[PDB]
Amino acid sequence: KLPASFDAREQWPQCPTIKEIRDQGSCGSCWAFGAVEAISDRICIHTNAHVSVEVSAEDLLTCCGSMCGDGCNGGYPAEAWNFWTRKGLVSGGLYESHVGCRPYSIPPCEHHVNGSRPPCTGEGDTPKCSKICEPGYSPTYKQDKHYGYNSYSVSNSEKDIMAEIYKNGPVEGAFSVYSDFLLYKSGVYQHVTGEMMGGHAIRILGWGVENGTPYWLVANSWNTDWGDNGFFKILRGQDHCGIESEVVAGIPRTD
């Protein structure tokens, strides 16, 4: 039934947010980016590319409050999807993109790689929840809200997670980062060395096999010069680093 490989970017070629890699900046907002990326993809999938919007990481980061966690100090993916069904999320693109209602306000940075941007630091104060759209944005903040029908956990089962992506689109997941992960360039990541750094929340958008090693296709939010153009592959089928244990998703409401 299920194909040996699947790639959401190939299944939905008219949904450009699936290909897009974000940058959370010097802020611990991975929990929010995993959600809003997967939500942006599912809205485009749900509407067969008639609605293709970047949902605002800023709106979720600043307006969820204690229910999600503590903003730029980290949070909880399951509770971010719940906020999408309760208060909804407005649109907004990348830092200084002037795209959408509330584009990201935290500037980009270099995540364990060399580049022209400033290196990422630990300067994460959560910006204020400003329920106003960017000047000149036509819909009001209320009208630009996109709502979820539901949110739910996917079971810790390889086949259920694949089936969920295959039918409903990309999901949010979470796994434990060990220090050898920071140096990922290519291939299928498997933890071999280094201490535990913390939990990280990402967007899973497919699967495959590389040199006999089954993997998940994952979007990171550390900009494009990290890893494999911003994506990585991680070992699939063994709950490696907990990758199969914290998967969450949800279905958009229409309009």
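Don't overthink the numbering: it's just position in the shown sequence, from 1.
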Out of 20-28 and 240-248, which stretch has the higher average CA B-factor listed in the record?
-> 20-28
Report the stretch with the higher mean CA temperature factor, choosing between 208-216 and 34-42 on the basis of the entry.
-> 208-216
Of the options 148, 136, 173, 108, which has the highest CA B factor as deposited?
-> 136
Whose CA atom has the top B-factor in the entry, of 55, 201, 192, 49?
-> 192
Divide the modelled residues of the chain into thirds by Cα B-factor and specify which third, lowest, middle or highest, holds residue 131.
-> highest
Which third, lowest, middle or highest, does the CA B-factor of residue 224 fall in along this chain?
-> lowest
Would you mind ranking residue 158 by its C-alpha B-factor against the rest of the chain and naming the third, lowest, middle or highest?
-> middle
Would you check the entry's CA temperature factor for residue 182 and let me know if it's in the chain's lowest, middle or highest third?
-> middle
By its CA B factor, does residue 104 count among the lowest, middle or highest third of the modelled residues in the chain?
-> highest
